[PDB]
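Novice: Next comes the structure file protein-v9.cif, holding mmCIF, C-alpha atoms and all ligand atoms.
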data_entry
#
loop_
_atom_site.label_atom_id
_atom_site.label_comp_id
_atom_site.auth_asym_id
_atom_site.auth_seq_id
_atom_site.Cartn_x
_atom_site.Cartn_y
_atom_site.Cartn_z
CA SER L 2 -13.88 5.01 13.77
CA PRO L 3 -15.92 7.84 12.04
CA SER L 4 -19.62 8.37 12.96
CA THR L 5 -20.46 12.07 12.75
CA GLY L 6 -21.18 13.52 9.28
CA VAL L 7 -17.90 15.43 9.48
CA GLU L 8 -15.81 12.35 10.31
CA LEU L 9 -17.48 10.34 7.56
CA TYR L 10 -16.89 13.12 5.01
CA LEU L 11 -13.23 13.48 5.97
CA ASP L 12 -12.59 9.76 6.15
CA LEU L 13 -14.13 9.31 2.67
CA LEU L 14 -12.27 12.23 1.32
CA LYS L 15 -8.93 10.67 2.43
CA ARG L 16 -9.91 7.39 0.90
CA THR L 17 -10.94 9.14 -2.27
CA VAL L 18 -8.03 11.48 -2.76
CA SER L 19 -5.63 8.54 -2.31
CA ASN L 20 -7.73 6.32 -4.64
CA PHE L 21 -8.18 3.62 -2.03
CA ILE L 22 -11.71 3.15 -3.48
CA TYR L 23 -10.76 2.01 -7.00
CA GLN L 24 -7.62 -0.20 -6.79
CA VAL L 52 -4.31 7.65 -11.31
CA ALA L 53 -4.56 8.85 -7.63
CA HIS L 54 -4.73 12.55 -6.77
CA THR L 55 -2.01 12.14 -4.11
CA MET L 56 0.23 9.25 -3.21
CA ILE L 57 1.37 10.54 0.09
CA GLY L 58 -0.44 7.99 2.26
CA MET L 59 -2.72 7.92 5.30
CA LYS L 60 -0.18 8.93 7.90
CA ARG L 61 0.64 12.05 5.96
CA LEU L 62 -2.96 12.85 5.17
CA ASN L 63 -3.79 12.33 8.83
CA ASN L 64 -1.03 14.64 9.90
CA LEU L 65 -2.26 17.28 7.54
CA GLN L 66 -5.70 16.90 9.05
CA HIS L 67 -4.34 17.10 12.59
CA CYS L 68 -2.47 20.29 11.77
CA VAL L 69 -5.39 22.09 10.15
CA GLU L 70 -7.79 20.94 12.90
CA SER L 71 -5.39 22.07 15.64
CA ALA L 72 -5.04 25.47 13.99
CA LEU L 73 -8.75 25.85 13.67
CA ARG L 74 -9.31 24.69 17.16
CA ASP L 75 -6.62 26.86 18.81
CA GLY L 76 -7.61 29.93 16.77
CA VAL L 77 -4.29 30.14 14.93
CA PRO L 78 -4.91 32.67 12.21
CA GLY L 79 -4.00 32.26 8.56
CA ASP L 80 -4.32 30.42 5.34
CA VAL L 81 -3.04 27.04 4.31
CA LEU L 82 -0.22 26.99 1.80
CA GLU L 83 0.90 23.99 -0.04
CA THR L 84 4.09 24.14 -2.18
CA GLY L 85 4.85 21.29 -4.58
CA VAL L 86 1.91 19.65 -6.23
CA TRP L 87 1.31 16.39 -8.02
CA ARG L 88 -2.34 16.13 -9.09
CA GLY L 89 -3.65 18.05 -6.12
CA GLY L 90 -4.93 15.48 -3.61
CA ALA L 91 -3.37 16.93 -0.52
CA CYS L 92 -4.67 20.43 -1.38
CA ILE L 93 -8.05 19.13 -2.20
CA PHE L 94 -8.04 17.43 1.16
CA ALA L 95 -7.08 20.70 2.88
CA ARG L 96 -9.95 22.58 1.19
CA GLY L 97 -12.21 19.80 2.23
CA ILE L 98 -11.28 20.01 5.87
CA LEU L 99 -12.13 23.71 5.87
CA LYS L 100 -15.38 22.93 4.11
CA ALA L 101 -16.28 20.27 6.64
CA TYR L 102 -16.14 22.82 9.44
CA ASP L 103 -17.71 25.47 7.28
CA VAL L 104 -14.73 27.81 7.52
CA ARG L 105 -15.33 30.73 5.14
CA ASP L 106 -12.45 33.04 5.99
CA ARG L 107 -9.38 30.92 5.07
CA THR L 108 -7.81 30.01 1.78
CA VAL L 109 -5.84 27.11 0.39
CA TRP L 110 -3.00 28.38 -1.71
CA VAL L 111 -1.68 25.89 -4.23
CA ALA L 112 1.84 26.78 -5.45
CA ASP L 113 3.90 24.90 -8.10
CA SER L 114 5.65 25.19 -11.51
CA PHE L 115 3.22 23.05 -13.43
CA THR L 145 0.20 17.81 -13.32
CA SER L 146 -0.86 20.77 -15.51
CA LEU L 147 -2.75 23.56 -13.80
CA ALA L 148 -5.94 22.84 -15.75
CA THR L 149 -5.79 19.23 -14.61
CA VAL L 150 -5.51 20.25 -10.98
CA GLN L 151 -8.47 22.64 -11.21
CA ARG L 152 -10.53 19.97 -12.93
CA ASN L 153 -9.67 17.65 -10.06
CA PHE L 154 -10.83 20.12 -7.35
CA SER L 155 -13.93 20.59 -9.43
CA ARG L 156 -14.65 16.85 -9.40
CA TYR L 157 -15.05 17.02 -5.59
CA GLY L 158 -17.18 20.17 -5.62
CA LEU L 159 -14.31 22.01 -3.97
CA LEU L 160 -13.15 24.40 -6.70
CA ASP L 161 -14.17 27.80 -5.38
CA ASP L 162 -12.95 31.25 -4.25
CA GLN L 163 -11.22 29.76 -1.20
CA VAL L 164 -8.72 27.89 -3.42
CA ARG L 165 -6.14 30.06 -5.18
CA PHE L 166 -3.28 28.99 -7.41
CA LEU L 167 0.28 30.27 -7.66
CA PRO L 168 1.92 29.00 -10.84
CA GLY L 169 5.65 29.65 -11.20
CA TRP L 170 8.99 29.13 -9.53
CA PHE L 171 8.84 29.74 -5.81
CA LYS L 172 11.51 32.51 -5.84
CA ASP L 173 9.14 34.44 -8.13
CA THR L 174 5.74 33.52 -6.69
CA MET L 175 6.36 33.63 -2.90
CA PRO L 176 7.48 37.22 -2.02
CA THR L 177 4.31 38.74 -3.52
CA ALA L 178 1.63 36.18 -2.76
CA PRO L 179 -1.35 38.00 -1.35
CA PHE L 180 -1.62 36.04 1.88
CA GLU L 181 -0.86 37.91 5.04
CA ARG L 182 -0.64 34.92 7.32
CA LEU L 183 -0.37 31.21 7.31
CA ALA L 184 -1.69 28.61 9.77
CA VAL L 185 -0.21 25.67 7.93
CA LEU L 186 2.69 25.61 5.51
CA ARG L 187 3.35 22.31 3.83
CA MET L 188 6.34 21.65 1.55
CA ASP L 189 6.52 18.75 -0.79
CA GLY L 190 9.72 18.27 -2.84
CA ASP L 191 13.25 17.07 -2.15
CA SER L 192 15.14 19.94 -3.58
CA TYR L 193 17.30 22.10 -1.38
CA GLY L 194 16.46 25.19 -3.47
CA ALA L 195 12.72 24.86 -3.47
CA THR L 196 12.74 24.12 0.26
CA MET L 197 14.91 27.13 1.08
CA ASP L 198 12.97 29.47 -1.24
CA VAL L 199 9.68 28.63 0.49
CA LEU L 200 11.15 28.90 3.97
CA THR L 201 12.83 32.22 3.21
CA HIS L 202 9.81 33.95 1.72
CA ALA L 203 6.85 32.24 3.37
CA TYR L 204 7.79 30.93 6.75
CA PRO L 205 7.94 34.43 8.18
CA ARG L 206 4.22 34.71 7.51
CA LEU L 207 3.51 31.55 9.50
CA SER L 208 1.60 32.42 12.66
CA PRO L 209 2.78 31.28 16.05
CA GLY L 210 1.05 28.00 16.70
CA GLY L 211 1.16 27.31 13.01
CA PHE L 212 2.65 24.19 11.44
CA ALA L 213 5.42 23.64 9.05
CA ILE L 214 5.29 20.23 7.40
CA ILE L 215 8.18 18.87 5.33
CA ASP L 216 7.18 15.94 3.18
CA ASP L 217 10.55 14.80 1.95
CA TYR L 218 12.72 15.48 4.98
CA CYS L 219 14.50 12.12 4.82
CA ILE L 220 16.21 13.36 1.63
CA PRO L 221 19.54 14.94 2.67
CA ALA L 222 19.23 18.01 0.50
CA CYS L 223 15.84 18.75 1.92
CA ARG L 224 17.04 18.12 5.44
CA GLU L 225 19.95 20.41 4.98
CA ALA L 226 17.82 23.22 3.70
CA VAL L 227 15.66 22.75 6.75
CA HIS L 228 18.57 22.77 9.23
CA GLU L 229 20.27 25.67 7.65
CA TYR L 230 17.15 27.78 7.67
CA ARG L 231 16.41 26.95 11.29
CA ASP L 232 19.96 27.51 12.56
CA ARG L 233 20.18 30.80 10.68
CA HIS L 234 16.99 32.01 12.38
CA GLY L 235 17.51 30.53 15.83
CA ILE L 236 14.58 28.14 15.49
CA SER L 237 14.60 25.11 17.73
CA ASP L 238 10.99 24.11 17.78
CA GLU L 239 10.68 20.34 18.05
CA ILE L 240 10.93 18.37 14.83
CA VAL L 241 8.29 15.66 15.08
CA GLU L 242 8.30 12.54 12.99
CA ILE L 243 5.25 11.78 10.81
CA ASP L 244 6.54 8.61 9.08
CA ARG L 245 9.64 7.31 7.34
CA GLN L 246 10.05 10.42 5.25
CA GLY L 247 8.20 13.44 6.59
CA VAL L 248 8.26 15.64 9.66
CA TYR L 249 6.79 18.78 11.00
CA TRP L 250 7.19 21.42 13.67
CA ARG L 251 4.92 23.79 15.39
CA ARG L 252 6.07 27.42 15.51
CA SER L 253 6.51 29.01 18.93
CA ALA L 254 6.28 32.82 19.37
CA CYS L 255 9.49 34.67 20.43
CA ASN L 256 10.29 34.55 24.21
CA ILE L 257 9.21 37.12 26.77
CA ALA Q 1 -28.73 21.75 -3.27
CA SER Q 2 -25.32 23.04 -2.30
CA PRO Q 3 -24.04 20.80 0.56
CA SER Q 4 -22.60 22.40 3.70
CA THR Q 5 -23.36 20.25 6.75
CA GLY Q 6 -21.09 17.25 7.36
CA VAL Q 7 -23.95 14.92 6.41
CA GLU Q 8 -24.66 16.68 3.07
CA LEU Q 9 -20.95 16.73 2.24
CA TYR Q 10 -20.54 13.03 3.05
CA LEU Q 11 -23.52 12.04 0.97
CA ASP Q 12 -22.62 14.32 -1.91
CA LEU Q 13 -19.13 12.87 -1.97
CA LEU Q 14 -20.46 9.34 -1.68
CA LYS Q 15 -22.62 9.93 -4.76
CA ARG Q 16 -19.69 11.33 -6.70
CA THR Q 17 -17.58 8.42 -5.59
CA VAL Q 18 -19.90 5.58 -6.16
CA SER Q 19 -20.54 6.89 -9.72
CA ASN Q 20 -16.81 7.42 -10.33
CA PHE Q 21 -17.28 11.10 -11.17
CA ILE Q 22 -13.96 11.72 -9.35
CA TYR Q 23 -11.66 9.74 -11.59
CA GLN Q 24 -13.25 9.75 -15.10
CA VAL Q 52 -14.79 0.80 -13.42
CA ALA Q 53 -17.65 2.65 -11.57
CA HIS Q 54 -19.64 0.97 -8.82
CA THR Q 55 -22.97 2.11 -10.33
CA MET Q 56 -23.77 3.79 -13.62
CA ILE Q 57 -27.22 4.92 -12.77
CA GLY Q 58 -26.46 8.65 -12.60
CA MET Q 59 -27.13 11.56 -10.30
CA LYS Q 60 -30.84 11.93 -10.84
CA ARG Q 61 -31.36 8.33 -9.83
CA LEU Q 62 -28.94 8.45 -6.91
CA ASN Q 63 -30.70 11.63 -5.79
CA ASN Q 64 -34.05 9.97 -5.97
CA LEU Q 65 -32.85 7.04 -3.92
CA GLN Q 66 -31.55 9.50 -1.33
CA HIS Q 67 -34.85 11.44 -1.27
CA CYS Q 68 -36.75 8.16 -0.73
CA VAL Q 69 -34.58 6.88 2.14
CA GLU Q 70 -34.53 10.33 3.77
CA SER Q 71 -38.30 10.69 3.51
CA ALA Q 72 -38.80 7.28 5.09
CA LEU Q 73 -36.45 8.05 7.89
CA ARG Q 74 -38.00 11.48 8.49
CA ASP Q 75 -41.62 10.28 8.32
CA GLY Q 76 -40.99 7.24 10.58
CA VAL Q 77 -41.84 4.70 7.81
CA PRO Q 78 -40.65 1.43 9.26
CA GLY Q 79 -38.58 -1.15 7.46
CA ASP Q 80 -35.44 -2.12 5.67
CA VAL Q 81 -34.13 -1.11 2.29
CA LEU Q 82 -34.17 -3.78 -0.42
CA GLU Q 83 -32.35 -3.53 -3.61
CA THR Q 84 -32.93 -6.19 -6.35
CA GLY Q 85 -30.58 -6.30 -9.34
CA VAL Q 86 -26.98 -5.40 -8.73
CA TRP Q 87 -24.06 -4.40 -10.85
CA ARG Q 88 -20.98 -3.71 -8.70
CA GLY Q 89 -23.01 -2.45 -5.77
CA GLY Q 90 -22.85 1.37 -5.93
CA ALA Q 91 -26.50 2.06 -5.33
CA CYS Q 92 -26.54 -0.30 -2.30
CA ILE Q 93 -23.40 1.12 -0.96
CA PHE Q 94 -25.02 4.52 -1.23
CA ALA Q 95 -28.05 3.33 0.64
CA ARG Q 96 -25.95 1.95 3.50
CA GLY Q 97 -24.11 5.24 3.49
CA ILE Q 98 -27.27 7.21 3.89
CA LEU Q 99 -28.26 5.15 6.94
CA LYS Q 100 -24.73 5.57 8.31
CA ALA Q 101 -24.80 9.35 7.83
CA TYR Q 102 -27.87 9.63 10.11
CA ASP Q 103 -26.44 6.98 12.45
CA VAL Q 104 -29.38 4.60 11.93
CA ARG Q 105 -28.60 1.31 13.66
CA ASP Q 106 -31.95 -0.49 13.37
CA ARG Q 107 -32.38 -0.93 9.57
CA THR Q 108 -30.71 -3.13 7.00
CA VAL Q 109 -29.77 -2.90 3.36
CA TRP Q 110 -30.66 -6.17 1.58
CA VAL Q 111 -28.68 -6.73 -1.55
CA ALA Q 112 -30.41 -9.35 -3.80
CA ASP Q 113 -29.04 -10.69 -7.13
CA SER Q 114 -27.91 -13.82 -9.02
CA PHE Q 115 -24.24 -13.02 -9.14
CA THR Q 145 -20.33 -8.59 -10.36
CA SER Q 146 -19.43 -11.62 -8.22
CA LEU Q 147 -20.59 -11.55 -4.61
CA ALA Q 148 -17.01 -11.35 -3.31
CA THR Q 149 -16.39 -8.32 -5.54
CA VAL Q 150 -19.44 -6.54 -4.18
CA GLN Q 151 -18.45 -7.19 -0.57
CA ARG Q 152 -14.92 -5.98 -1.26
CA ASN Q 153 -16.46 -2.82 -2.72
CA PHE Q 154 -18.64 -2.11 0.36
CA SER Q 155 -15.54 -2.74 2.40
CA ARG Q 156 -13.56 -0.08 0.50
CA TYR Q 157 -15.92 2.62 1.79
CA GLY Q 158 -15.92 1.29 5.37
CA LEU Q 159 -19.54 0.26 4.93
CA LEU Q 160 -19.41 -3.53 5.05
CA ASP Q 161 -21.09 -4.55 8.31
CA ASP Q 162 -24.00 -6.40 9.94
CA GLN Q 163 -26.54 -3.89 8.49
CA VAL Q 164 -25.77 -5.07 4.95
CA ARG Q 165 -27.09 -8.55 4.11
CA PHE Q 166 -26.83 -10.37 0.86
CA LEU Q 167 -29.38 -12.61 -0.93
CA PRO Q 168 -27.66 -14.58 -3.69
CA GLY Q 169 -29.95 -16.46 -6.04
CA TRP Q 170 -32.91 -16.10 -8.36
CA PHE Q 171 -35.64 -13.88 -6.94
CA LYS Q 172 -38.34 -16.59 -7.07
CA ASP Q 173 -36.10 -18.62 -4.68
CA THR Q 174 -34.67 -15.86 -2.47
CA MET Q 175 -37.68 -13.54 -1.92
CA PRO Q 176 -40.43 -15.57 -0.17
CA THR Q 177 -38.10 -16.54 2.69
CA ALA Q 178 -35.99 -13.40 3.10
CA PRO Q 179 -35.89 -12.57 6.82
CA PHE Q 180 -37.12 -9.00 6.53
CA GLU Q 181 -40.50 -8.31 7.99
CA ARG Q 182 -41.01 -4.84 6.48
CA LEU Q 183 -39.52 -2.55 3.85
CA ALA Q 184 -39.30 1.22 3.70
CA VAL Q 185 -37.73 1.33 0.27
CA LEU Q 186 -37.89 -1.28 -2.46
CA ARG Q 187 -35.78 -0.57 -5.48
CA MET Q 188 -35.82 -2.77 -8.64
CA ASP Q 189 -33.14 -2.60 -11.24
CA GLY Q 190 -33.49 -4.78 -14.33
CA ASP Q 191 -35.55 -4.75 -17.49
CA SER Q 192 -36.90 -8.28 -17.32
CA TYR Q 193 -40.62 -8.83 -16.95
CA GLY Q 194 -39.92 -11.96 -14.88
CA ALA Q 195 -37.54 -10.48 -12.37
CA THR Q 196 -39.82 -7.45 -11.97
CA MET Q 197 -42.92 -9.56 -11.38
CA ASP Q 198 -41.11 -11.99 -9.03
CA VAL Q 199 -39.96 -9.10 -6.77
CA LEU Q 200 -43.32 -7.35 -6.81
CA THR Q 201 -45.16 -10.59 -6.07
CA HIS Q 202 -43.03 -11.73 -3.11
CA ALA Q 203 -41.73 -8.45 -1.66
CA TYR Q 204 -44.05 -5.56 -2.39
CA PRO Q 205 -46.50 -6.86 0.10
CA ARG Q 206 -43.91 -6.24 2.83
CA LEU Q 207 -43.51 -2.59 1.79
CA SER Q 208 -44.86 -0.32 4.54
CA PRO Q 209 -47.39 2.42 3.82
CA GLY Q 210 -45.42 5.55 3.07
CA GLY Q 211 -42.69 3.33 1.60
CA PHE Q 212 -41.26 3.74 -1.87
CA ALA Q 213 -41.11 1.51 -4.83
CA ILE Q 214 -38.52 2.51 -7.38
CA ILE Q 215 -38.33 0.99 -10.84
CA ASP Q 216 -35.08 1.67 -12.54
CA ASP Q 217 -35.88 0.42 -16.05
CA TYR Q 218 -39.52 1.36 -16.41
CA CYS Q 219 -39.15 2.78 -19.90
CA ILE Q 220 -38.43 -0.80 -21.08
CA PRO Q 221 -41.77 -2.29 -22.29
CA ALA Q 222 -41.25 -5.64 -20.54
CA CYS Q 223 -40.58 -3.95 -17.28
CA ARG Q 224 -43.51 -1.50 -17.75
CA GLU Q 225 -45.90 -4.35 -18.52
CA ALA Q 226 -44.85 -6.28 -15.38
CA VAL Q 227 -45.48 -3.11 -13.39
CA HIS Q 228 -48.92 -2.35 -14.91
CA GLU Q 229 -50.06 -5.92 -14.60
CA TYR Q 230 -49.01 -6.17 -10.96
CA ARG Q 231 -50.71 -2.86 -10.07
CA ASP Q 232 -53.98 -3.63 -11.92
CA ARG Q 233 -54.06 -7.18 -10.42
CA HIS Q 234 -53.77 -5.61 -6.91
CA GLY Q 235 -55.87 -2.44 -7.41
CA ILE Q 236 -52.90 -0.13 -6.91
CA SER Q 237 -53.23 3.40 -8.30
CA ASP Q 238 -50.62 5.33 -6.32
CA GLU Q 239 -49.17 8.04 -8.60
CA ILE Q 240 -46.27 6.93 -10.78
CA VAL Q 241 -43.68 9.71 -10.65
CA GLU Q 242 -41.04 10.20 -13.28
CA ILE Q 243 -37.36 10.28 -12.13
CA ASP Q 244 -35.67 10.71 -15.53
CA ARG Q 245 -35.96 9.25 -19.03
CA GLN Q 246 -36.02 5.67 -17.73
CA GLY Q 247 -36.97 5.31 -14.08
CA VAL Q 248 -39.97 6.00 -11.94
CA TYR Q 249 -41.25 5.48 -8.47
CA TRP Q 250 -44.41 5.53 -6.39
CA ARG Q 251 -45.18 5.98 -2.76
CA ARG Q 252 -47.43 3.39 -1.17
CA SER Q 253 -50.65 4.75 0.46
CL CL Y 1 4.00 19.66 -10.75
CL CL Y 2 -25.62 -8.76 -11.51
MG MG Y 3 7.17 14.08 -1.57
MG MG Y 4 -31.13 -0.20 -14.70
#
Turn this file's structure into structure tokens for me.

Specialist:
Amino acid sequence: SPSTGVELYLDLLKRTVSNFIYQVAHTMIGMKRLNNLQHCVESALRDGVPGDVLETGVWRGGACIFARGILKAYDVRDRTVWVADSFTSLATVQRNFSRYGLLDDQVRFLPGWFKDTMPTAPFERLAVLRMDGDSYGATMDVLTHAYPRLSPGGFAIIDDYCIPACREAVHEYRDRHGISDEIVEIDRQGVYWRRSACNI
Amino acid sequence: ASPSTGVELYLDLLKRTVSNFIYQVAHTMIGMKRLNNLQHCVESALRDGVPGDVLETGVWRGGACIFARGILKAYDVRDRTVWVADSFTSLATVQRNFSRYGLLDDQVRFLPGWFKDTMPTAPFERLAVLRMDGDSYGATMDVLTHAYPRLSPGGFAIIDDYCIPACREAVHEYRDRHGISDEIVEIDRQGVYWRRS
């Protein structure tokens, strides 16, 4: 039960982004998934895991707004929320960020197909990489070109893992790269794993 | 001015939310200047140790009262209450709305009924902020008559619809009848407030 300013801000932000207030919503992903996203960013911040937050696959922007908000709550000035998608138009998503006072230089957009946008994206490192989308191709493109920038201790979150195509992209990528970090359930559809450094 | 602490962010968001700036239904339509003024008044009372509860008379869907409870919550104030007085936009609806923000609790109390009936007996002993919304001479005078005397020195009286002649007249008559000359301060085109000396 929230009591600090921070907790109250973040609790309200979850309620807001998911339109719990006015039963349109900026994300439909639900509390468990928003909570997980919070846990992952907070753990990265807390354990000093370096890097930005990258979200691929975007509805109206609620989960990314929430991520910028978390960083704002802890007054983090040196990390960026990358928002990657085809484009639910880009203008709409910017407007939405703007509505929460969270459209600023620490939010950057990557319009285009992921095979095009990912190899060159100016981020050097990621602390959290979150994929939303049930397509094998999108999932594999993001893994192939962005996961290698995910810091040890960082999180990879797969929103639509229960969908076989998505799952398969995830297993194939992991098996190809020898990755056996524990897959942890978030809810009926999503999972994540925390990246371990290579052995020594 | 530009929020950065947890408290400022919470309150800023709560203003944006209660006014439905996010998704433009809204819980209050009174606007930022007026929400800001309400915040300044509650914060000043808290900071300057002005004792008492917050009383709001005249209620739409409850946004301004929600905001007030939120302000007290942000500074973890456990010893003051937000009184929500109105006819009844039904009482159930307003409660549900408080509830949506996680702010429906024992520090929010409701006073359904006409102000001539509800005010004389309302269990609050003192007020730090008294806010009137409504353009009726009668409602305005009823609240001033039976509640203003419980407003602590240093407390604030806010008049949402002061530009409306009927409201203005109730306010000037009440002040002249009681010798009150505390400066009337403009909030925007329609509302004003004064701080009790
Ligand atoms: Cl899209
Ligand atoms: Cl009403
Ligand atoms: Mg999904
Ligand atoms: Mg009014």

Novice: Report the centre and edge lengths, in Å to one decimal, of an axis-aligned box enclosing every atom of range 160-163 of chain Q listed in the file, padded by 8 Å on each side, as lines of an AutoDock Vina configuration file.

Specialist:
center_x = -23.0
center_y = -5.0
center_z = 7.5
size_x = 23.1
size_y = 18.9
size_z = 20.9

Novice: Counting all atoms listed in the file, what residues are within 6 Å of ligand MG 3 (chain Y), given as a ChimeraX atom specification?

Specialist: /L:189-190,216-217

Novice: Please identify the residues whose atoms come within 6 Å of ligand CL 1 (chain Y), using all atoms listed in the file, and report them as a PyMOL selection string.

Specialist: chain L and resi 86-87+113-115+145

Novice: Show me which bits of chain L are within 10 Å of chain Q, counting all atoms listed in the file, as number ranges by chain.

Specialist: L: 2-14, 16-18, 20-24, 52-54, 97, 100-103, 152-158

Novice: Go ahead and dump the residues you just picked, C-alpha atoms, as a compact mmCIF listing (two decimals), in the frame of the given file.

Specialist:
# COMPACT_ATOMS: atom_id res chain seq x y z
CA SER L 2 -13.88 5.01 13.77
CA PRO L 3 -15.92 7.84 12.04
CA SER L 4 -19.62 8.37 12.96
CA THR L 5 -20.46 12.07 12.75
CA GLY L 6 -21.18 13.52 9.28
CA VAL L 7 -17.90 15.43 9.48
CA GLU L 8 -15.81 12.35 10.31
CA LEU L 9 -17.48 10.34 7.56
CA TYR L 10 -16.89 13.12 5.01
CA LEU L 11 -13.23 13.48 5.97
CA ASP L 12 -12.59 9.76 6.15
CA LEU L 13 -14.13 9.31 2.67
CA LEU L 14 -12.27 12.23 1.32
CA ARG L 16 -9.91 7.39 0.90
CA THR L 17 -10.94 9.14 -2.27
CA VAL L 18 -8.03 11.48 -2.76
CA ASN L 20 -7.73 6.32 -4.64
CA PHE L 21 -8.18 3.62 -2.03
CA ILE L 22 -11.71 3.15 -3.48
CA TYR L 23 -10.76 2.01 -7.00
CA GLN L 24 -7.62 -0.20 -6.79
CA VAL L 52 -4.31 7.65 -11.31
CA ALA L 53 -4.56 8.85 -7.63
CA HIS L 54 -4.73 12.55 -6.77
CA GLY L 97 -12.21 19.80 2.23
CA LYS L 100 -15.38 22.93 4.11
CA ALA L 101 -16.28 20.27 6.64
CA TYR L 102 -16.14 22.82 9.44
CA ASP L 103 -17.71 25.47 7.28
CA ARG L 152 -10.53 19.97 -12.93
CA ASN L 153 -9.67 17.65 -10.06
CA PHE L 154 -10.83 20.12 -7.35
CA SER L 155 -13.93 20.59 -9.43
CA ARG L 156 -14.65 16.85 -9.40
CA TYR L 157 -15.05 17.02 -5.59
CA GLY L 158 -17.18 20.17 -5.62

Novice: Could you give me the residues within 9 Å of ligand MG 4 (chain Y), counting only C-alpha atoms and all ligand atoms, as JSON, numbers by chain?

Specialist: {"Q": [56, 57, 85, 86, 188, 189, 190, 191, 215, 216, 217, 218, 246, 247]}

Novice: Quick one: pull the distance between CA of residue 151 in chain Q and CA of residue 62 in chain Q, Å, one decimal.

Specialist: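 Computing the Euclidean distance for CA of residue 151 in chain Q and CA of residue 62 in chain Q yields 19.9 Å.
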
Novice: Distance limit 7 Å, reference ligand CL 2 (chain Y), atoms considered: only C-alpha atoms and all ligand atoms. Which residues make the cut? Give them as a list in words.

Specialist: residues 85, 86, 87, 113, 114, 115 and 145 of chain Q

Novice: Do you have the CA of residue 106 in chain L-CA of residue 215 in chain L distance handy?

Specialist: 25.0 Å

Novice: Hey, can you check how far CA of residue 180 in chain Q sits from CA of residue 61 in chain Q?

Specialist: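 CA of residue 180 in chain Q sits 24.5 Å away from CA of residue 61 in chain Q.
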
Novice: Nearest to residue 185 in chain Q: which of Q:223, Q:1, Q:104, Q:109 is it, counting all atoms listed in the file?

Specialist: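 Using all atoms listed in the file, the shortest distance to residue 185 in chain Q belongs to Q:109.
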
Novice: Residues near residue 231 in chain Q, anyone? I mean within 12 Å using all atoms listed in the file, not counting same-chain ones fewer than 6 positions away, as JSON, numbers by chain.

Specialist: {"Q": [196, 197, 200, 201, 204, 205, 213, 224, 225, 237, 238, 239, 240, 250, 252]}

Novice: What's around residue 212 in chain Q at 8 Å? Count all atoms listed in the file, leave out sequence neighbours fewer than 5 positions away in its own chain, and write the answer as a count of residues only.

Specialist: 10

Novice: Go through L:57, L:72, L:203, L:220 one by one, measure the shortest atom-to-atom distance of each to residue 171 in chain L using all atoms listed in the file, and give the residue with the smallest value.

Specialist: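 Under the stated criterion, the closest residue is L:203.
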
Novice: Could you name the residues that touch residue 242 in chain L at 10 Å or less, counting all atoms listed in the file, but leaving out those on the same chain fewer than 4 positions away, as a PyMOL selection string?

Specialist: chain L and resi 214-215+218+246-250

Novice: Which residues are close to residue 166 in chain L, i.e. within 8 Å by all atoms listed in the file, leaving aside same-chain residues fewer than 2 positions away? Reply as JSON, numbers by chain.

Specialist: {"L": [110, 111, 112, 164, 168]}

Novice: May I ask which of the residues Q:98, Q:183, Q:227, Q:248 is the closest one to residue 77 in chain Q, counting only C-alpha atoms?

Specialist: Q:183

Novice: For residue 179 in chain L, please output as a CSV table (one decimal) with C-alpha atoms, in the coordinates of the input all residues within 12 Å (counting all atoms listed in the file; exclusion window: fewer than 3 positions along the same chain).

Specialist:
chain,number,residue,atom,x,y,z
L,79,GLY,CA,-4.0,32.3,8.6
L,80,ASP,CA,-4.3,30.4,5.3
L,82,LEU,CA,-0.2,27.0,1.8
L,108,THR,CA,-7.8,30.0,1.8
L,109,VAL,CA,-5.8,27.1,0.4
L,110,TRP,CA,-3.0,28.4,-1.7
L,165,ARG,CA,-6.1,30.1,-5.2
L,166,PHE,CA,-3.3,29.0,-7.4
L,167,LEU,CA,0.3,30.3,-7.7
L,174,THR,CA,5.7,33.5,-6.7
L,175,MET,CA,6.4,33.6,-2.9
L,176,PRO,CA,7.5,37.2,-2.0
L,182,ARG,CA,-0.6,34.9,7.3
L,183,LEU,CA,-0.4,31.2,7.3
L,203,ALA,CA,6.8,32.2,3.4
L,206,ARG,CA,4.2,34.7,7.5

Novice: Closest to residue 151 in chain L among L:88, L:170, L:58, L:251, using all atoms listed in the file?

Specialist: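 Closest candidate: L:88.
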
Novice: Identify which of the residues L:199, L:184, L:65, L:254 lies closest to residue 237 in chain L, counting all atoms listed in the file when measuring atom-to-atom distances.

Specialist: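 Of L:199, L:184, L:65, L:254, the one nearest residue 237 in chain L, counting all atoms listed in the file, is L:254.
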